[PDB]
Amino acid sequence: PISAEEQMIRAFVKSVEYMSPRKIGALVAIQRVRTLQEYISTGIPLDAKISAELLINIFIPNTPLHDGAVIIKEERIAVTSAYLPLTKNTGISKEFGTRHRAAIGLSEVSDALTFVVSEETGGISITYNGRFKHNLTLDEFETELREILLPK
């Protein structure tokens, strides 16, 4: 048996392994200490158990659920399609998109852990406490998730 936190990290890694080489855009915000309820209220309610397969199905392009942010709360997908604050992007390379602006903006006003798969490049990135970590390998991505979510 393995924890819900462990299962959730495994699901994130597997979903990103699928989405990145396919350049499927994804935006997943994980609530930590600071409540994300104000943003959850803007999404489509799922209140679903997390699996790699559901995360992939959510982000498949041109589906009712793929635009906007998935928000995770207490090891459940509370909503999809939530609206996150967008950071100002003066001077930012053209390669980054609205998903990166939403992840950075959320990290500037909360302690949430947010990750992005770029629709433009398939790049993997994470925001946390105002820091932007981009062009991660899958293994570096997993290491960041574990360091933050399992700070053992």
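Start at 1 and count along the sequence shown; that's the residue number.
Requested in this report: Pick between 90-98 and 110-118: the one whose mean CA B-factor in the entry is higher.
Outcome: Going by the record's values, the stretch with the higher mean is 90-98.
Report task. Between 26-34 and 63-71, name whichever shows the higher mean Cα B factor according to the PDB entry. Result -> According to the PDB entry, the answer is 63-71.
Query raised in the report: Comparing residue 52 with the other modelled residues of its chain, is its CA B-factor in the lowest, middle or highest third?
Result: It belongs to the middle third of the chain when residues are ordered by C-alpha B-factor.
Report task. Consider only the C-alpha atoms of the modelled residues in this chain, order them by B-factor as the entry records it, and name the third containing residue 15: lowest, middle or highest. Result -> Answer is lowest: the recorded C-alpha B-factor places it there.
Requested in this report: Could you tell me which third, lowest, middle or highest, the C-alpha B-factor of residue 85 occupies within its chain?
Outcome: Its C-alpha B-factor belongs to the highest third of this chain's values.
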